[PDB]
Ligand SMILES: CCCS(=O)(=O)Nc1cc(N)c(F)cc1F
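Only one chain is included here, represented as structure tokens and corresponding to the form deposited without this ligand.
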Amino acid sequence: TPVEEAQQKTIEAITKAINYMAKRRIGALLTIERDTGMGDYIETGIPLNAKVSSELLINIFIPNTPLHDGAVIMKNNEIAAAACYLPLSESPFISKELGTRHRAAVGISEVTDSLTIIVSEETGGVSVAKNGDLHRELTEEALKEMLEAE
């Protein structure tokens, strides 16, 4: 269906952008709003309300650019805003080598049902935060399965 074709197109755009950033070790933080509304966090960022493309996602996160610092938040199959604030987790059970990008992803996942993807600037490793837990060192197939399950 149209709705299903649109969701798969968005998943493919996300996975292509994540793969590009993982290969180049570009740090990234991408939160997908689900049933819990995230308007309060969207409003801290730069409004985009933009169509999803792998190209725009990549351009947003290039280091030392206006939009790279903070989270992209997606809502209703669009990029709602970039450079958004997310709350930092105080969980003592996050790997100690990880920094604020991963703590921000876990933090938003503690108070929403959202799914957040993180690319590490140190290793290019891909992880996902959901329900207060961080799932680390994901393959491409694993990330796709998580997006399709979500």
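Counting begins at 1, following the sequence as shown.
There is another form of this protein, the form solved in complex with this ligand, and it is not shown here; the text below is about that form.
- In the deposited complex, at least one heavy atom of residue 70 sits within 4.5 Å of a heavy atom of this ligand.
- Among heavy atoms of residue 81, none comes within 4.5 Å of this ligand in the deposited complex.
- In the deposited complex, this ligand sits within 4.5 Å of a heavy atom belonging to residue 88.
- This ligand is not drawn, but in the deposited complex it has a heavy atom within 4.5 Å of residue 29.
- Applying a 4.5 Å heavy atom cutoff to this ligand in the deposited complex picks out 88, 100, 104 from 88 to 112, in order along the sequence.
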